[PDB]
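S.K.: Provided herewith is a single structure, encoded as structure tokens, for subsequent inquiry.
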Amino acid sequence: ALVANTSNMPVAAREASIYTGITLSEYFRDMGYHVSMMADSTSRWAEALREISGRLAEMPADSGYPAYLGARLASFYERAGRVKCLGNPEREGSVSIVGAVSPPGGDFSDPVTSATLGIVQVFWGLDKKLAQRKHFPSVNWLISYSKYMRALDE
Amino acid sequence: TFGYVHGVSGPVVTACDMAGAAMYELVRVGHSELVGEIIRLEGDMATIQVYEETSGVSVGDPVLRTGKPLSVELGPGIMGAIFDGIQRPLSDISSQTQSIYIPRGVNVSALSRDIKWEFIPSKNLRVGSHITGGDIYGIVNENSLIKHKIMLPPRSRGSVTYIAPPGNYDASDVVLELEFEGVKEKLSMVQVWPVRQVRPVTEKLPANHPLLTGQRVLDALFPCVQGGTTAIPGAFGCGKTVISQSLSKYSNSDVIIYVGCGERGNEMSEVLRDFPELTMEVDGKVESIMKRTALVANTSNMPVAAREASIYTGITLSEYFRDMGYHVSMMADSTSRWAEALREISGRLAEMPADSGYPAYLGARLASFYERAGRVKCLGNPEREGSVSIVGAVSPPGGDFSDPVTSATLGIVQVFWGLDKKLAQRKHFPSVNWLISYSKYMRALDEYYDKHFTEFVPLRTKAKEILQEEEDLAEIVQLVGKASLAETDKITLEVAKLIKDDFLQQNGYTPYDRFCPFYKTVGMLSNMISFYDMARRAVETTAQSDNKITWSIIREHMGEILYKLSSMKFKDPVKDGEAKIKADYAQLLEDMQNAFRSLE
Amino acid sequence: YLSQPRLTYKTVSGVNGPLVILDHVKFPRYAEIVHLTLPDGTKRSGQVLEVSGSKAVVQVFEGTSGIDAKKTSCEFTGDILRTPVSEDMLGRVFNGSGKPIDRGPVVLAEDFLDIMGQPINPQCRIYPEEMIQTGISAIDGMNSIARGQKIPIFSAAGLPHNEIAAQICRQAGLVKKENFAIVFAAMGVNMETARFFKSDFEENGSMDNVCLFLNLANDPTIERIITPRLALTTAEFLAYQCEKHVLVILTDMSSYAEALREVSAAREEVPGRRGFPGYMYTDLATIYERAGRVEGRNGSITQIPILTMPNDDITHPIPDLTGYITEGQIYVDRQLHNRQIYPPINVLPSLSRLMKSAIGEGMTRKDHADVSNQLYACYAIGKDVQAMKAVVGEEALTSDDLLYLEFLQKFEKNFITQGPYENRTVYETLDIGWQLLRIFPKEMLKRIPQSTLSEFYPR
Amino acid sequence: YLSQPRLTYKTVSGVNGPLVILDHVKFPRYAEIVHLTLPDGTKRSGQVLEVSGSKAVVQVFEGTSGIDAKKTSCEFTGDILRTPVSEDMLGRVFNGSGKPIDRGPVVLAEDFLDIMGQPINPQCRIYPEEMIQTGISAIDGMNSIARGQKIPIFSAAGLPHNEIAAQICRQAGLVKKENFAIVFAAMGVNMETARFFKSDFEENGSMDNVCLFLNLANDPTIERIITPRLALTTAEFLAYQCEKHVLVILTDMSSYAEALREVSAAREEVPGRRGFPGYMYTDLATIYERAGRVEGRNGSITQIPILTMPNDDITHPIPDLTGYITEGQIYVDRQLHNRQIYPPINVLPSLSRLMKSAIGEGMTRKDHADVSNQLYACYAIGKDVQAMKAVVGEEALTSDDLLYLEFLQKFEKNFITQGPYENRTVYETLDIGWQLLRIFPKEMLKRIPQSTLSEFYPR
Amino acid sequence: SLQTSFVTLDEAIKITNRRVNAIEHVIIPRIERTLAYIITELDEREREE
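Protein sequence lines correspond, in order, to chains A, B, C, D and E.
Going by full-length UniProt numbering, the letters in the first sequence line up with residues 340 to 493, in that order.
Going by full-length UniProt numbering, the letters in the second sequence line up with residues 47 to 646, in that order.
Going by full-length UniProt numbering, the letters in the third sequence line up with residues 39 to 215, 225 to 506, in that order.
Going by full-length UniProt numbering, the letters in the fourth sequence line up with residues 39 to 215, 225 to 506, in that order.
Going by full-length UniProt numbering, the letters in the fifth sequence line up with residues 150 to 198, in that order.
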């Protein structure tokens, strides 16, 4: 199933899209299915937060983003995970989150990439200089890491 | 027409009881009548930006409202005067006060009202005739060079009800009266036009007529066209004086305007001192350049509003004469200093900064500045035409090209006369870099060149190819020493030197080389390129075997020809007429063709 | 329709930069258009960007110079900027505000459309599956254009990006071996650029299918952010209501971005990078995403949002945010132009994000994808060889390196160089590709399967 | 004169840092000077920075501690800050406020001038001509100061920029092929250096022609802002009204700039580039450009602003904004100081754009320009040879290289190295130059015309 | 003797020129790009402040 909240649609709706997606994922998680949802943007959600925060005349933090950006991303990603379900039937499910981020210029320094990397446990960094050579997928393989190597060794 | 000062927070004055005011209107604040503008308005209160010092301004002081926004006074007496960036005559302030200072709140009319000008009506108009905007109804005789044509102000029209008879009138009298829908307008010889507004034209035309400057370089290789826009770097050692003097002295334009934006006091003194001493032959008589020039002078310590406004004041004066059918050439001494003044105001207004601290609209302001230049078809029934050229200079801090002001300028101007300092150190003038400089009017002028000169275009193409090859060969020569080098490359290297020495280089302090007429410039290049082709053929047709021609052989064989080619720059146009110079150049062509023939 | 009389106000509260603030307004409407008359009779217009109680903030398009506080007269239209549109706008020339400047009459509307438009329902949007033949090998081969695709040309001041766009307008056809309606928004440009395109469109004999919108460097900077929507609004009428295939070209989008930045600073909005609004992306999407085919209708809109890259900075917010929205870019540079190569299109940093589906069996030729990918590999390596050779010297190279230097040199002059009037087919382009690929032995063509090399390589 | 009784107010709305906010003030002026009397009888000065209706806001020159809102009285003078000026004040030492600190009397004025003054009308500005010799060879025979130019000394923190400035005051004067005065202002100077200037000027007999202003580091920061205005106000009186030539030395403009930033903060202005006010450019020009020659008068003002480079970075706004509007630079280095060379001035990065007019026949000596040009080339070459020596050794050098190495060693030891108490006039400096040039045979002195060599080279 | 010194020098010239070329084509361009990046990002931080 898929959710469309395209770039030329209302910017506020970008927040509802992200939460709607994960909420749907949890529902199926509860039924004993393995769910692997992915929001292909993230930065567009944080961008919506910045635009609204501006209209609200809030005090911004790093690079114009709301101070609570990290709070929103942390609580979003922590809804992922393999769980034992509630309910007498003893189901087992999971929600994975594979989220894209769109750093401006490809510079992994913006508040969204920085905050995201402190939350996610697998970092699939891509290198624009590999994409220019059509070396796809453009994975850098030097800055990427996965903290699940030991978990899967068994 | 008066309001009152409510309070002062520095250079910003808050007015009360000033409901009847428009944004970017003008006010004279306080008992000294300080010049300022209204920016923010709220209720019956207004926020005034004062250009000059506000020390001494009291709460309750009067403010006189002036209906017109920042505007330039246009009429007789504009020529020969030096103005402040906001159109204040400096030569009258210093002479009507006997002071050395510009008085705070000084209020001297831009054009004096004590001069009785010689005014002649057009003699075609009668009472009851129809006149429209841009029409000329009489001419003022200022001096021997420029006739000052009196135009009906734009956005005005109607039936003529009074025409002044021929006679001597000052700028405060009434010369023409016209009635539109029962409303009579009394017009003097002076019109007022907002400086930020573009004076309308019938149509904007393509620029096709060359700007005939006196330099062989910056013409033959890098043409400028009347109505075109160029940029010139401004560095201490670049030798920018050569262009300034050559452009104002011998150009085929009619009116010269020199605009300072905010330079060092001593630099403004050099311009103000040099210009009055420049002369040119006109009808056989030597006339002062100041009889067909106007100058706007602004030093770095002038009010920032004037330094920012100076650039628009200049071009407004330029368009004023453009509408007369004259070709006007305006030089902005430093558009970088203008951008500095503009950034200062943005800072003063606490505006959000953009690239390298400059206002977000920097590019829009520069783009709309240069767009005002060009050849136009004028307004009014006389069906006259004219043009404005801009040769504004850029001087970014550090000499870099990354500064948004120079980067934006280069994306707007169609010709770049890149100057260098290394050439000056080598005593090679004019100091033109050649590899950096370019001109994008080469195609636009192709029609003119074909019609009048024919061979100029292939010559300039070959000339740039020869000079570029000399640069391309630089690595080969360094690693070889001209030993393992083709004889055809030696021709390129030595002929390219000949070009640099006895063509692109010009000595403006010699009476014979003060001005190089175009027909002489193309003559000089034609013979050098013709020699190049003959030398290439002499080697190439004999380079197979047995008996070959080399560059050393050519030099030994026809050394007199190489001398004659170098001597061509000494043909003084003042004593040797057009027919004589061409005749001598034709003889060189014959001498050369026969010299090579003896080798085969 | 709106039957109630309009109200006129003389209640201007104050003026702050480009924003005129009115008070005592009855039931202010958000994003409604206001017409105002200055004391001297000048007429100007603006849009309400904020309402609160009895106050409304009007952004004036022409500008706020000369706006009074006591005599200014404003009237509220009662609706959003809906503009007249008709099919017979083709062949007309308009200014940046949508008014005619060709001495013809005003538009005799077939309808009035909201300049803001509406997002197309993604469920009815149909994925592009048609290729446009641009005739430029640098594009048709390695970065194909689909009908409905969004492909700006990233350029830099002084480069012939205006000539490339003009060329595309004349020799852009189909690979099905068709008359495109062109809407050209000339914004933030000088007279010579607008006259260049206007003359070229007449020279091509296609003016009957060309609608021009002009907004020149000497025109107001606020109108420069509605002109694109005016052009697109016409395109939407033609493409989605009259089933006309439309090509929409927006001139240097950077003048749009700068005009937008001016508005952002004026309203004190939260900046992102280089002073541009934090919502610049959303605003750009509003402009760019008005493109593509819609299921059940035979029209399409193709966009070419050409933009100038400030200081050749590929990471500048303008090309950066555009790159995130559009399906790739053509990208020209100075390294090719400085060598008199035309078109000066640099394929390495370029891409077309629909090429993978618009080529191959049933579209062009089955080896299309394989030729493109191998050419990219060979071109990029040749550039790597120059980067090495610049330091180690030609004598330090082996035969494995000289092959890529030979490829690179022959590639640029045979494949990329064409000329303003050289119109090659896509089939000829691929054949040329093979002529360059056959410089290498089969073993080095590692991006191409043997099922392709065995058929095409032998020739 | 005004002859209007002064009003004293006890109405205070509040006190906030350096500012005291008054109430019910009658027709207050901006920049009006007022005097406070505190409950302890203490008197303090201040100046009105904002007047919003009846709410005048005054900045107190001294600290605001001890000021209440019930008993402190504020006397208004009815006027602005006008400095009493005379010829007699030459030979006096004043503090930043214009008060004597030399145990002498208060100045008995010849007139009162607004210290902000007025801009000099460019139409009557005369291009700089003759030279003012400093007595320091490194800046007389290499980068002389024209009688009317403005050439800054850039120094890093810790270098002897104050010792050189003091030496200039003791040694500077006219060429002498009674009408010369120096006005010296130190901004933000510490107590130890303030003693240095005062004692060094008095002991060596120079004080008769020096007007000294000392603004100490612990003095009110607002007084530091007027200090250079008082110095120039005096210079304008002495120069233009009393027909004499005035050399104005402004020491530690970087400390001025810091005090200016503090004033901006007091006004609650948003800081500009690197924390400095957006108007720093015009503020520096306001001070700097009040100098030069004027038509019809025999006086002149020159300036030698002295600026400490923060972090030794010439790019910093302070030296950048200064140099951008001045004519060349002296430039004091660090390597020369660590090598124990005094003065530590590096001739290669220095420049005086007006030297061409300062020197020559009728002003200094015929050969001045030729000696300078040849010495500069010889020093630059000697440094180049020295760099080569470090790579190839002494035995790898040829005879010409050894001559350039010998020149470099003796040039710095004899020509540049001087000592603080040796006064070298322009003619001795040139003769010393020739002693260095006669190291080379005539054929290697490429920049000196043969006519000059034949007259001066031998003997 | 001339031949041996010559061969050693020719290797010395190629090695020295290669190092010089790398400074010019690799190391400095990289330092200049880094410095320009730093300057731009610092101005961006100034703006948000």
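Using N, Cα and C, we set each Cβ at its ideal position, and we do this for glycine too.
Check each residue of the region 384-405 of chain B: if its Cβ is closer than 8 Å to any Cβ of chain E, include it; give the result in chain order.
M.R.: From the region 384-405 of chain B, only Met398, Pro399, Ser402 and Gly403 have a Cβ closer than 8 Å to chain E.
S.K.: So the beta strand (DSSP E) B/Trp239 belongs to, where does it begin and stop?
M.R.: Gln237 to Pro240
S.K.: How do the region 233-251 of chain B and the region 355-372 of chain B stand: do at least 3 beta-carbon pairs fall below 8 Å, yes or no?
M.R.: yes
S.K.: Which stretch, first to last residue, makes up the beta strand (DSSP E) that contains B/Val301?
M.R.: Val301 to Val305
S.K.: One question on the structure: do D/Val230 and D/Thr281 come within less than 8 Å of each other, judged by their Cβ atoms?
M.R.: yes
S.K.: Roughly how many angstroms separate the alpha carbons of A/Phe475 and C/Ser399, rounded to a whole number?
M.R.: When rounded, the distance between both Cα atoms is 14 Å.
S.K.: What separation, rounded to the nearest whole angstrom, lies between the Cα atoms of residue 216 of chain C and C/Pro166?
M.R.: As shown, the structure holds no coordinates for residue 216 of chain C; chain C passes over it, running from 215 to 225.
S.K.: Do the CB positions of D/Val295 and D/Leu279 come within less than 8 Å of each other?
M.R.: yes
S.K.: Does DSSP classify A/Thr345 as helix, strand or coil?
M.R.: coil
S.K.: At a CB distance below 8 Å, what residues from the region 316-332 of chain C approach chain E? Give them in sequence order.
M.R.: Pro318, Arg320, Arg321 and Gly322
S.K.: Looking at the unbroken alpha helix (DSSP H) that takes in D/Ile479, where does it start and where does it end?
M.R.: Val473 to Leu484
S.K.: Relative to the C-alpha of B/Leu136, which residue among B/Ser158, B/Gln524 and B/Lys497 is closest?
M.R.: B/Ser158
S.K.: Would A/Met398 be called buried (16 or more neighbouring beta carbons within 10 Å of its own) or exposed?
M.R.: Using a 10 angstroms sphere on the CB of A/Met398, the tally of other CB atoms stays under 16, which defines it as exposed.
S.K.: Less than 8 Å between the CB atoms is what I'm expecting for B/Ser441 and B/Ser402, so what's the real figure, rounded?
M.R.: With a Cβ gap of about 15 Å, B/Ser441 and B/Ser402 do not count as contacting.
S.K.: Straight-line CA distance for C/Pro157 to C/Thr298?
M.R.: 23 Å
S.K.: Between the beta-carbon of D/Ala107 and the beta-carbon of D/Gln85, is there less than 8 Å?
M.R.: no
S.K.: Are the C-beta of D/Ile59 and some C-beta of chain B separated by less than 8 Å?
M.R.: No, no contact with chain B.
S.K.: Identify every residue that forms a DSSP beta bridge with B/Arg418.
M.R.: Under DSSP, B/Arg418 takes part in no beta bridge, so it has no partner.
S.K.: Using the beta-carbon of each residue, which ones in chain B are nearer than 7 Å to C/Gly196?
M.R.: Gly457
S.K.: Is it buried or exposed for B/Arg506, if we count other Cβ within 10 angstroms and need 16 for buried?
M.R.: Buried, since its Cβ has 16 or more Cβ neighbours within 10 Å.
S.K.: Using the beta-carbon of each residue, which ones in chain B are nearer than 8 Å to D/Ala69?
M.R.: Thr100, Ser101 and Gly102
S.K.: Under the three-state reduction of DSSP, which class applies to A/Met370: helix, strand or coil?
M.R.: coil
S.K.: What does B/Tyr147 touch in chain D if you count any residue whose Cβ is under 8 Å from its own?
M.R.: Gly155, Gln156, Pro157, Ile158 and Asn159
S.K.: Report the option in D/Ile463, D/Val473, D/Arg163 and D/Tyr451 whose CA atom is closest to the CA atom of D/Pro488.
M.R.: D/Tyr451
S.K.: Could you check the C-alpha separation between C/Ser124 and B/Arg430 for me, to the nearest Å?
M.R.: 40 Å
S.K.: Could you check which residue in C/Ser501, C/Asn251 and C/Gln482 has the C-alpha nearest to that of C/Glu490?
M.R.: C/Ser501
S.K.: Taking the alpha helix (DSSP H) that B/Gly213 belongs to, which residues open and close that run?
M.R.: Here B/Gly213 belongs to no alpha helix (DSSP H); instead the beta strand (DSSP E) covers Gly213 to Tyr215.
S.K.: Just tell me which of B/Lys508, B/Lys510, B/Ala509 and B/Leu539 has its CA closest to the CA of residue 686 of chain B.
M.R.: Outside the displayed range of chain B (47 to 646) lies residue 686 of chain B, so it cannot be described from this structure.
S.K.: Measuring alpha carbon to alpha carbon, tell me which of B/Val451, B/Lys232, B/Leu469 and B/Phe268 ends up nearest B/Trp384.
M.R.: B/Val451
S.K.: Please check the pair B/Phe165 and B/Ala210, which I expect to be a contact at CB under 8 Å, by giving their CB distance rounded to whole angstroms.
M.R.: The Cβ separation is near 7 Å, so the contact holds.
S.K.: Opposite D/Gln161 in the DSSP bridges: which residues?
M.R.: Beta-bridge pairing links D/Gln161 to no other residue.
S.K.: Tell me which residue opens and which closes the beta strand (DSSP E) that D/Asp152 is part of.
M.R.: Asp149 to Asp152
S.K.: Could one say the Cβ of E/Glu198 lies closer than 8 Å to chain A's Cβ atoms, at least one of them?
M.R.: no
S.K.: Measuring CA to CA, which of B/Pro57, B/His77 and B/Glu88 is closest to B/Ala67?
M.R.: B/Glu88
S.K.: Taking C/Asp149 as the reference, give the member of C/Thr349, C/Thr121 and C/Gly116 with the closest Cα.
M.R.: Ranking C/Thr349, C/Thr121 and C/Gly116 by Cα distance to C/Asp149 puts C/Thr121 first.
S.K.: When the Cα atoms are used, what is the spatial distance from B/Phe129 to E/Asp192?
M.R.: 38 Å
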